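Enquirer: Sequence and experimental coordinates follow.
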Amino acid sequence: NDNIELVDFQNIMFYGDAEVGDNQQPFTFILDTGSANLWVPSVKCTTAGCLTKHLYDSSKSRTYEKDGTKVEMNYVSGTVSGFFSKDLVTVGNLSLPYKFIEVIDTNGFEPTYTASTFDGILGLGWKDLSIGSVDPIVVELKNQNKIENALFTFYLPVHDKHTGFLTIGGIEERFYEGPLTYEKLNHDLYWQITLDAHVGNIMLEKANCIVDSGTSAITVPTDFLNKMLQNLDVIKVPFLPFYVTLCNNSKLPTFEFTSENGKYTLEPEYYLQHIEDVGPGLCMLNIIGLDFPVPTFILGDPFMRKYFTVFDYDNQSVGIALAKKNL
Ligand SMILES: CSC[C@H](NC(=O)Cc1ccccc1)C(=O)N[C@@H](Cc1ccccc1)[C@H](O)C(=O)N1CSC(C)(C)[C@H]1C(=O)N[C@H]1c2ccccc2C[C@H]1O
Ligand SMILES: C[C@H](CCC(=O)NCCC[N+](C)(C)CCCS(=O)(=O)[O-])[C@H]1CC[C@H]2[C@@H]3[C@H](O)C[C@@H]4C[C@H](O)CC[C@]4(C)[C@H]3C[C@H](O)[C@]12C
Ligand code: NA
């Protein structure tokens, strides 16, 4: 199985590296299960954000195949735009020709872009979520028979303790302890499963839960959040949807998620972010209120830091298991 090392960036996000072009041009990616396109910033970039990035130069790649088609990717955090290009993409020791976006304007993706040290985003979603109708990397590698299974695996790094791996094509027992529980997808094209959500006395039955690698938070329905925070001794930051607390706050709850198959819990230690610079013994909650059309939680980074996760295209399932504290 091919492995890609995952490095932590300030306990908000993680990255892994990969190559685009036979020139072996090396890029740092956010690895995002909730999107289905790959992009890298071009040498043709007109914007300030591209200043400090590894830039893609199609003139230095002999496997480059032109495709002028203009495209923009609209994320919740902003927009990047440019054009489609084709070239050899290499993930670990697995290569395949691939269609991706050459980004020339990142101004709509500020301040996220210039803030952090990633170059681009590598989607790990489903095909019907892609622009330009791009087969996902793992399913092509499967199809081309470079890996056993159409699946990938996340063992996330933890700040100041160990590194992580994205593993492609097969499941390695070393990453987790206890049982590995599979949860069927309740949607065709998202890593979305059904779970009862419990926080104290507040309960949502058969809630949609999206396992998502690119979101640095647990997201919660706004009504559910407003009930959770009632008398919690937490304070909202002015103008921003973030809550601050004493790290030691005895009332901070444990999320409990359950299926017929399993039980997954998330204790304060996984969703708190120390902000010692702002004040002594203060923490931010990595919890955001957000309403999808159907009541939904995003089980983001903080969930995935605790739980090893198996994303299975062939079995339309998400495997979940408690991550080992170190390898
Ligand atoms: C096919 S990509 C376009 C997609 N847009 C949508 O789904 C539109 C939408 C919006 C609200 C409800 C329902 C649907 C999208 O941006 N999805 C994102 C996940 C998402 C988040 C909220 C609501 C719906 C989907 C993406 O997978 C991601 O992690 N992204 C886009 S870019 C990113 C890799 C930096 C990261 C990010 O923004 N992360 C930030 C985020 C998002 C929500 C809560 C906290 C935070 C902090 C930070 O981590
Ligand atoms: C996705 C949700 C909800 C968006 C929403 O509720 N938007 C209503 C208006 C919708 N529009 C009319 C504009 C278009 C769609 C209408 S339509 O009906 O067509 O769908 C919004 C609301 C608050 C947003 C976060 C904060 O900012 C702080 C921070 C800023 C960074 O920079 C990026 C990260 C982060 C965490 C943000 C991410 C995300 O962005 C959040 C969660
Ligand atoms: Na995501």
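Expert: All right, it came through fine. Numbering: from 1, shown residues only. Ligands and ions are numbered 1, 2, ... in the order given.
Enquirer: which strand in the chain runs the most residues?
Expert: Looking only at the chain and at elements set by DSSP state E, the strand with the highest residue count is strand 78-91.
Enquirer: So is that strand next to ligand 1?
Expert: No: legend: contact between strand 78-91 and ligand 1 by CB under 6 Å from any ligand atom is lacking; minimum distance shown is 7.4 Å. All C-beta atoms are positioned from the backbone trio N, CA, C, and that covers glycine.
Enquirer: partners of that strand in the sheet?
Expert: Strand partners for strand 78-91, identified by DSSP bridges, are recorded as strand 13-20 (antiparallel), strand 65-75 (antiparallel), strand 94-105 (antiparallel).
Enquirer: Mean neighbour count, these: which tops it?
Expert: Stretch with highest mean neighbour count among the strands paired with strand 78-91: strand 13-20 (a mean of 22; mean count of other CB atoms under 10 Å).
Enquirer: that older thread, which positions in the longest strand of the chain come out as buried?
Expert: Along strand 78-91, the positions that meet the burial threshold by neighbour count (16 or more other CB atoms under 10 Å) are 80-85, 87-91.
Enquirer: could you dump these to CSV with distance to ligand 2?
Expert: Compiled in CSV, the buried residues of strand 78-91 are given as follows (distance: CB to the nearest ligand atom, whole Å):
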residue, distance to ligand 2
80, 13
81, 17
82, 20
83, 25
84, 25
85, 27
87, 29
88, 32
89, 27
90, 30
91, 26
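Enquirer: Looking at the residues you listed, which is nearest ligand 1?
Expert: The shortest distance between ligand 1 and any of these, using CB to the nearest ligand atom, involves residue 80 and amounts to 9.2 Å.
Enquirer: Surely the closest one is in contact with residue 105?
Expert: Yes: with contacts defined as CB atoms under 8 Å, residue 80 counts as touching residue 105 at a distance of 6.9 Å.
Enquirer: Can you pull up the residues of the stretch 201-327 of the chain that come close to ligand 3?
Expert: By CB under 5 Å from the ion, the part of the stretch 201-327 of the chain that sits against ligand 3 consists of 212, 214-215.
Enquirer: From those, pick the one nearest ligand 2.
Expert: Minimum distance to ligand 2 across those is 8.6 Å, recorded for residue 215 (CB to the nearest ligand atom).
Enquirer: show me what contacts the closest one?
Expert: By CB atoms under 8 Å, 6 or more residues apart in numbering, the residues touching residue 215 are 34, 298, 300-301.
Enquirer: ok, 7 Å please
Expert: Listed by CB atoms under 7 Å, 6 or more residues apart in numbering, the contact partners of residue 215 are 298, 300-301.
Enquirer: do residue 269 as well
Expert: Not one residue lies near residue 269 by CB under 7 Å, 6+ apart.
Enquirer: any idea which helix or strand carries it?
Expert: Under the criterion DSSP states H and E, the helix or strand holding residue 269 is helix 268-271.
Enquirer: How about residue 226?
Expert: Of the helices and strands defined by DSSP H and E, residue 226 is found in helix 222-229.
Enquirer: Do that helix and ligand 1 come into contact?
Expert: No: shown here: helix 222-229 not in contact with ligand 1 (CB under 6 Å from any ligand atom), separated by at least 11.8 Å.
Enquirer: Which strands and helices lie in contact with that helix?
Expert: strand 202-211 (3 or more CB pairs under 7 Å, 6 or more residues apart in numbering; DSSP states H and E).
Enquirer: Following the strand it packs on in sequence, what is the next regular element?
Expert: strand 218-220.
Enquirer: Can you list the strands that that following strand pairs with?
Expert: strand 287-289 (parallel), strand 296-299 (antiparallel).
Enquirer: ok, residues contacting that strand?
Expert: 255, 266, 271, 286-290, 297-300, 302-303.
Enquirer: what's the domain layout of the protein?
Expert: 1-173, 174-327 (curated CATH domains).
Enquirer: Any part of the first one near ligand 3?
Expert: Yes: Domain 1-173 comes into contact with ligand 3 (CB under 5 Å from the ion), by way of 32, 34.
Enquirer: Figure out the length between the terminal residues of that domain.
Expert: Distance across domain 1-173, first residue to last, is 12 Å (CA to CA, to the nearest Å).
Enquirer: Buried subset of the contacts of residue 215 as a PyMOL selection?
Expert: Paste this into PyMOL to select the buried members of those, with burial taken from 16+ other CB under 10 Å:
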select buried, resi 298+300+301
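Enquirer: from the contacts of residue 215, which single one is nearest ligand 2?
Expert: The closest of the contacts of residue 215 to ligand 2 turns out to be residue 298 (CB to the nearest ligand atom; 9.6 Å).
Enquirer: Please name the residues that touch the closest one.
Expert: Taking CB under 7 Å, 6+ apart as the contact definition, residue 298 lies against 210, 212, 215, 217-219.
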